[PDB]
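Architecture and fold: a report
Residues per chain, in single letters:
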Amino acid sequence: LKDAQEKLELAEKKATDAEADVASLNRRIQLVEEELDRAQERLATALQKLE
Amino acid sequence: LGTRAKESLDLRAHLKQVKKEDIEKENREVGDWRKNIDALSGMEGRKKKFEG
């Protein structure tokens, strides 16, 4: 159907936009993982200085 | 004077020994936790919180 055709096209476009946000969330995940590792290391050094 | 000094020092030393014996005795109660971190980059649980 023509309207179902437009709807399916719009939904697939919405899927692709969700995939673009999937990319952005992947970037957030990776950078925050770097942050997690850096925090582990910095906390270790801070506790050592405490000792 | 020497006897008085000796008795005073003996009493003081005995009291200090009585204190210091237990002072050295149980000094390991200072062992506690430090609560370090590991970034927990491996938690992949599911949403099933029913216990709260």
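As recorded in the entry header, the structure was determined using cryo-EM to a resolution of 5.2 Å.

As a further point, take the overall build of chain B. A count of helices and strands for chain B gives one helix and zero strands. Taking 2.2 N^0.38 as the reference for a compact globule, 52 residues should give roughly 10 Å; the C-alpha atoms of chain B span a radius of gyration of 28 Å, well beyond that estimate. Projected onto its principal axes, the C-alpha positions of chain B cover 85 × 25 × 15 Å. For chain B, the residues scored as buried account for 2% of the 52 residues in total. Here chain B has roughly 5800 Å² of accessible surface; of this, 55% comes from carbon and sulfur atoms.

Now for helix α1 (residues 2–25) of chain B. Between its terminal C-alpha atoms α1(B) stretches 33 Å, which fits the 34 Å expected from 24 residues at 1.5 Å a residue. Counted residue by residue, α1(B) has zero buried out of 24 residues, so it is predominantly exposed.

Now for the pattern of salt bridges. Residue and element names in this part refer to chain A. By the definition in use, this model includes three salt bridges over all chains. For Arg38, the salt bridge is made with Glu34, and the minimal N-O distance between the two is 3.8 Å. Pair noted here: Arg38 and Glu34 are both in helix α1 (residues 2–50), with a separation of four residues, about one helical turn. Overall, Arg38 belongs to the partly exposed group, its relative accessible area being 42%. The partner of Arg38 in a salt bridge is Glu35, and the shortest N-O contact between them spans 2.8 Å. Within this pair, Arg38 and its partner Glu35 are both found in helix α1, separated by three residues, close to a single helical turn.

Taken together, the contacts link eight residues of chain A with seven residues of chain B. In total, about 590 Å² of surface goes out of reach between chain A and chain B, with carbon and sulfur atoms giving 72% of it. Among the residues chain A hides against chain B, the three largest losses belong to A:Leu36, A:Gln40 and A:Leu47. Together they make up 66% of the total. Our count for the chain A to chain B interface comes out at zero salt bridges. Applying the counting rule to chain A against chain B returns zero residue pairs in polar contact. Here the residues of the side of chain A that touches chain B sort into four nonpolar, one polar and three charged.

A cluster of acidic residues, A:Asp3, A:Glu6, A:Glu9, A:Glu12 and A:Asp17, forms a negative patch on the protein surface. By the element assignment, A:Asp3 lies in helix α1.

Reading guide: rules and limits
- Residues numbered from 1 in each chain as written, not as in the entry; some residues may be left out.
- Chains lettered and ligands numbered in written order.
- Part of a larger assembly, values for the part shown.
- Heavy atoms only, no water.
- Helix = DSSP H or I, 4+ residues; strand = E, 2+ residues; numbered from the N terminus.
- Rg over C-alpha atoms; globule rule 2.2 N^0.38 Å.
- Buried < 20%, exposed > 50% of the residue type's maximum accessible area, 1.4 Å probe, protein only.
- Areas by Shrake-Rupley, 256 points an atom, 1.4 Å probe, with all protein chains shown as cover.
- Expected span 1.5 Å × (residues − 1).
- Salt bridge = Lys/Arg side-chain N within 4 Å of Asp/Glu carboxyl O.
- Contact = heavy atoms within 4.5 Å.
- Buried area = accessible area lost by both parts, 1.4 Å probe.
- Polar contact = N/O pair within 3.5 Å; in protein donor to acceptor, adjacent residues only side chain to side chain.
- Nonpolar A, V, L, I, M, F, W, Y, C, P; charged D, E, K, R; others polar.
- Patch = residues over 30% accessible without salt bridge, like charges linked within 9 Å, V, L, I, M, F, W, Y side chains within 5 Å.
- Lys, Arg positive; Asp, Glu negative; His and termini not counted.
- Charge placed at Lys NZ, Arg CZ, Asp CG, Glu CD.

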